[PDB]
Structure formats: structure tokens, C-alpha cells
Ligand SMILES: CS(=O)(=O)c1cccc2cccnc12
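The chain below stands alone, shown as C-alpha cells; this is the form solved without this ligand.
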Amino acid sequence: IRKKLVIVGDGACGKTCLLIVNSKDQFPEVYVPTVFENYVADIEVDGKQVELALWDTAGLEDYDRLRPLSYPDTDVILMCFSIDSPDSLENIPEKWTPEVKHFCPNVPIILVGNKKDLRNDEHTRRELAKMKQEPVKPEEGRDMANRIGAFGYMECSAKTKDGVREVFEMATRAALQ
């Protein structure tokens, strides 16, 4: 069983690290903004074996004109924001949802809060306090997930591996239905 997964979200919100930790168990430490990049990973959920094609996309302006090349034949979308960036959560309904719904009309969406490990982070409170921001709360994520009609809501941390498998198991179940 082959399914195509596409991941989208704001620049540097952790899309590639999530994909690489899932597929290779390695955490890429040095940031390299994505232009276009595909991976393959095998996974078994509910006793069913699936070959997941992982299509990675650019969040960054310089490179974001190709993004439509990744949308064809998609079975499931991972729509990402970072838990340390309410601005990135803000962008979900503004741009990401409309774009995805247009290019991927009836494809299920998993809303994913990345960088869970940064919710209790000295440094993040500081940056955000200056911005008046409060690190994203689970309820806020779930609420947006319900707002945008996502198949589900998940939180993870590529850095600690926490919640990663769960993200891709949910994505796969959505892709099977």
C-alpha cells in the first residue's frame, strides 16, 4: 500500500527535522531551508503495512514558488506550526489552510504542533514576552484543529523523538480512510 504525505508550514517550524527523525531516526542539527525534497519510509499501522512517500516543502519565501509541484496525488497533509511561535499558529487559517484546501480539496489534514520541548523553555518565554507572546497551549492547538476541520491534532518534538511515531501513525490512518 502506497500513500503520499505532504508536509507544509511556516519557515523553520520544524518540518524537515520531523520527517528526518521519523524516517532516519537522526536529528539534523544545522538548519538548511528546504526547496523540495522527498523521502520514503515504511510503517505498519493497525496491522497494515504502508509505504509512505514523504514530500517536504519550502516554508521560506525565496523558495516557495515550487510548492504546488508537491501537491498532486496527495493522500494526507501534515500542516505544521511551532509551539514556540503563535505567529506560525496564526498562519494556519490565514494562508496554509486556504492553499491546501485549494490544491488538495478533500485530503485529510493533521494539525501538528512542533517543538513540544520548547513549551517549558527559559529562552522562549523571553523572546515571546518581548512580543507579548505566550508559548502555544495544547488547547489552542486542538481548537485551531477543530476550527480548520483537521482530521486530528498532534504535538511532537523531533529533538527528543517524543510524539513523532504517533504523528505518522495518525497521518497513515487518515490516509487509509
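Numbering starts at 1 and follows the sequence shown.
- The stretch 152-160 shows the higher mean C-alpha B-factor when 152-160 is compared against 14-22 in the entry.
- Taking the PDB entry as given, 139-147 carries the higher mean Cα B factor of the two stretches 39-47 and 139-147.
- When the C-alpha B-factors of 53, 32, 112, 129 are read from the PDB record, the largest value belongs to 129.
- Among the modelled residues of the chain, residue 67 sits in the lowest third by CA temperature factor in this PDB entry.
- Sort the chain's modelled residues by C-alpha temperature factor and residue 83 lands in the highest third, per the entry.
- Sort the modelled residues of the chain by CA B factor and residue 118 lands in the highest third.
A second form of this protein, the form solved in complex with this ligand, is not displayed here; the remarks below concern that form.
- Residues 98, 99, 102, 103 are the ones in 95-117 with at least one heavy atom within 4.5 Å of this ligand in the deposited complex, listed in sequence order.
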